[PDB]
Amino acid sequence: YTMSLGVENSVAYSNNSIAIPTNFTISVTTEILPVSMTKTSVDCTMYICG
Amino acid sequence: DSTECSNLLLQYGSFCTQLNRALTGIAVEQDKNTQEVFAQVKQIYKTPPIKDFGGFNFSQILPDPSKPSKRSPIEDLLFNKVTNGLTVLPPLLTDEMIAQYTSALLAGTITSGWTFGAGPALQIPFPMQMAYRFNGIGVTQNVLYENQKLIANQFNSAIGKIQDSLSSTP
Amino acid sequence: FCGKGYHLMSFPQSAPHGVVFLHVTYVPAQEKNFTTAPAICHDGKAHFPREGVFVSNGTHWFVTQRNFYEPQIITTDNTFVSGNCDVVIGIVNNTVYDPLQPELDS
Ligand SMILES: *[C@@H]1O[C@H](CO)[C@@H](O[C@@H]2O[C@H](CO)[C@@H](O)[C@H](O)[C@H]2NC(C)=O)[C@H](O)[C@H]1NC(C)=O
Ligand SMILES: *[C@@H]1O[C@H](CO)[C@@H](O[C@@H]2O[C@H](CO)[C@@H](O)[C@H](O)[C@H]2NC(C)=O)[C@H](O)[C@H]1NC(C)=O
Ligand SMILES: *[C@@H]1O[C@H](CO)[C@@H](O[C@@H]2O[C@H](CO)[C@@H](O)[C@H](O)[C@H]2NC(C)=O)[C@H](O)[C@H]1NC(C)=O
Ligand SMILES: *[C@@H]1O[C@H](CO)[C@@H](O[C@@H]2O[C@H](CO)[C@@H](O)[C@H](O)[C@H]2NC(C)=O)[C@H](O)[C@H]1NC(C)=O
Ligand SMILES: *[C@@H]1O[C@H](CO)[C@@H](O[C@@H]2O[C@H](CO)[C@@H](O)[C@H](O)[C@H]2NC(C)=O)[C@H](O)[C@H]1NC(C)=O
Ligand SMILES: *[C@@H]1O[C@H](CO)[C@@H](O)[C@H](O)[C@H]1NC(C)=O
């Protein structure tokens, strides 16, 4: 299928109306970031020739 | 198509697998880059049919209904100004869907300010949003409200100058 | 940069060859419509909110903070006066309470 980019949402814009929040949600989200790799060393002479 | 060449090429091992894997990683990385840049909203926002924004004109950046590509005049100008075993993979996001993502971002930032980026889109009049931005940079709301027509005229003139500068500079 | 929503704080957690950030953010919810105006016209003067926004529930005008609904009476302590009512587009007429008025009234 052709993908849907997002759920449709039409904001009710007018020149004299505002939307004010009456409540809140404390949301905890995860962010995973790699920091380091495995430290590898290769003996070039031993690898090529043994 | 040489069988003997491929038989001799098999003696060198998995070089071809490494090169194909690296190219595949680059190819998926480009799609990941496009997702990271443009697909930051999960709601497709749309502008109201009446473009009453207190004097602010966004026709040069909003999508043109007359064009089949549904691009803005600025985006249309940008697209006009950019011109043996190899294959070119198409991008995952086509140009019209990327334009739709930019249109959703424009509609969100015009009708809701920065509220849609942090949660639900909360509607606010655009002059009041501009006044909030003025307060963000340390200028009082009264300055924005008193000089609203001048600010709108300056904004429209600057947007027109941007379109002219893009159309006039190679 | 530090999670989706208005960022409050973050927690680091060690991971094998990596770090996991638990971003604690504030998300607005349960929004409600209100009728808004840029300024309040009182005594031939234009009043603008110091830190909030003018809202109306249909009959009465209040001033509230932008990210949470907490209606308060429009007074001289939370508004400032700049100019008359002839310049601001969309200014509405409403009274502005004075806290000092009952003090000299009594
Ligand atoms: C604020 O008012 C507007 C319009 O008065 C509401 O927008 C309507 O929402 C309903 C519910 O989905 C839709 O069916 C209508 O089509 C919307 N109208 C328009 C013009 O967009 C809006 O939902 C109200 N906001 C709140 C928080 O109640
Ligand atoms: C704001 O939202 C919170 C939850 O996000 C509401 O708390 C809930 O209230 C209902 C009824 O009072 C309880 O049954 C739930 O158990 C509560 N949940 C939690 C997590 O405490 C709170 O009432 C809402 N406040 C307003 C004014 O809408
Ligand atoms: C917003 O700006 C556009 C573009 O500058 C205006 O469209 C122009 O309208 C005049 C008169 O209607 C025409 O002579 C121009 O040729 C139009 N320009 C283009 C590029 O189409 C538009 O009128 C402005 N105002 C609104 C409310 O949209
Ligand atoms: C808007 O809010 C105000 C303040 O909460 C409402 O005024 C109160 O209305 C109740 C119900 O009639 C009265 O008992 C109170 O005495 C009123 N307070 C004041 C200070 O007048 C007002 O009615 C609300 N408007 C709407 C349309 O809901
Ligand atoms: C808000 O109050 C002002 C001041 O009284 C009103 O302006 C008056 O409007 C009437 C009729 O339009 C004129 O005859 C007066 O000369 C105006 N006075 C001034 C000082 O301008 C204004 O119309 C009121 N607005 C609303 C919506 O009630
Ligand atoms: C909103 O637009 C209407 C015209 O549709 C106008 O009468 C009204 O004064 C405007 N309000 C503001 C606050 O600009």
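So, how was this worked out
Residues numbered from 1 in each chain as written, not as in the entry; some residues may be left out. Chains lettered and ligands numbered in written order. Part of a larger assembly, values for the part shown. Heavy atoms only, no water. Helix = DSSP H or I, 4+ residues; strand = E, 2+ residues; numbered from the N terminus. Contact = heavy atoms within 4.5 Å. Buried area = accessible area lost by both parts, 1.4 Å probe. Polar contact = N/O pair within 3.5 Å; in protein donor to acceptor, adjacent residues only side chain to side chain. Salt bridge = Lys/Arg side-chain N within 4 Å of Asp/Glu carboxyl O. Nonpolar A, V, L, I, M, F, W, Y, C, P; charged D, E, K, R; others polar.

Going by the header, the method for this PDB entry is cryo-EM, and the resolution given is 2.89 Å.

Engineer: Where do I start with the side chain of B:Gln148 in this structure?
Structural biologist: Structurally, the position occupied by B:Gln148 is in helix α7 (residues 148–168). Leave out the neighbours within four places in its chain, and B:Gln148 touches B:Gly54, B:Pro127 and C:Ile89.

Engineer: It is not clear to me how the interface of chain B and chain A should be interpreted in this structure. Could you clarify?
Structural biologist: How big an interface is tends to be stated in terms of accessible area lost as the parts join. Counting from both sides, the interface comprises 21 residues of chain B and, opposite them, 16 residues of chain A. With both chains or domains summed, chain B and chain A bury close to 1,900 Å², and 62% of this area falls on carbon and sulfur atoms. Broken down residue by residue, the surface that chain B buries against chain A is led by B:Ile44, B:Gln123 and B:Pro125, which jointly contribute 32%. Summed over the shared surface of chain B and chain A, the number is five residue pairs in polar contact.

Engineer: Would you take a moment to explain the interface of chain C and chain A for this structure?
Structural biologist: Taken together, the contact pairs 31 residues of chain C with 23 residues of chain A. The interface formed by chain C and chain A holds zero salt bridges in total. For the pair chain C and chain A, the number of links is 16 residue pairs in polar contact. The element contributing the most residues to the side of chain C that touches chain A is strand β2 (residues 18–37) of chain C, with 19 residues. Of the residues in the side of chain C that touches chain A, the class split is 16 nonpolar, 11 polar and four charged.

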